[PDB]
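The chain below stands alone and is given in structure tokens; this is the form deposited in one PDB entry.
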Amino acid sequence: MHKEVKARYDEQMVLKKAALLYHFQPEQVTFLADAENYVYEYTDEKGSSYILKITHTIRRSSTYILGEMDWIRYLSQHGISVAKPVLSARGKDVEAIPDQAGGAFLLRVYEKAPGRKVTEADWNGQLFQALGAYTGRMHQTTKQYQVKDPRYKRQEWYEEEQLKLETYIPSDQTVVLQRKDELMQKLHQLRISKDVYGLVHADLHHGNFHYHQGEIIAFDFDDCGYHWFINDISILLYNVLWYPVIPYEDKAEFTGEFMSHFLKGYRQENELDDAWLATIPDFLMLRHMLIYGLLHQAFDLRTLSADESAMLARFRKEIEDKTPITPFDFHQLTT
């Protein structure tokens, strides 16, 4: 959780106020997680249960959130299974509860996706191919998506707050900042067109979808933005390498297993030219840098535990040394 948001948030106060806008009893709310947003499951007066996501104007505007809502609705209209937004009692997509310190807590609600998180029995090539087909369909569909009013436009990849490392890491980390600057300049040389770049989810991982009768239902579109399609794919790879459901015996071999199955599914649904596969290591490194920023945004750097200092030191060393995120040779996937 963004440290500045944590400094503003009084859960009991906000849930008491939120209870009137969504018709729940605040003592009955179930806390789910507090990673980027504070997320709860609540039950309304009719006995129906929903997912409540709470954040703050420090990190999101209502307008920006409405751009996520627009896109999710478009995907659902075109047959992509996603968790849809639900309205407040006043018919609003996003409710704002004043923060007396300035700004607002921003609240919105979604339908609870059926099914469940993937388990060990699902963690295999069938899932990996299904992820490929689903991602490919999202990309194929997004090619036709138009924003009428630029006020609600989602960000370009390079605008991401957590990549602004110079604002979050101490400035004596000049090597890290050089690595990040060099990499973003490199990525900026890549061709952009409707066939290779568009609005994507940008945080695909197995905490962000349910498997329902063997089908994917995605949620947590909170980071969606304009990216290369290969980056959406690389982010998913980053995430399955980081927290696999079953530990892998070998990182390189697992990378190839995941990617081969994923690509079979993906290419049934959308074109991905072989030339993009060579860029995956660079996008994995960019994600590593983003996570480094996220961790600095979350941690009080004056009160770091031994474990937090060690984690930061590992990322730092990997970034400085240019240690590949995976040892897999991506040229093996080509032709």
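If you superpose the two forms and keep the largest set of C-alpha atoms that fall within 1.5 Å, you have the rigid core. Don't overthink the numbering: it's just position in the shown sequence, from 1.
Missing here is the form deposited in another entry; even so, the following discussion is about that form.
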**Study point:** Option from 186, 78, 92, 205 moving between this form and the one not shown, CA shift at or above 2 Å, rigid core reference
**Key:** 92
Practice item. Superpose on the rigid core, then tell me if the C-alpha of residue 275 is displaced by 2 angstroms or more between this form and the one not shown. Key: no
Practice item. Tell me, please, whether between this form and the one not shown the C-alpha of residue 323 is shifted by 2 Å or more, with the rigid core used for superposition. Key: no
Exercise for review: Compare the position of the CA of residue 289 between this form and the one not shown after a rigid core fit and state whether the shift reaches 2 Å.
Suggested key: no
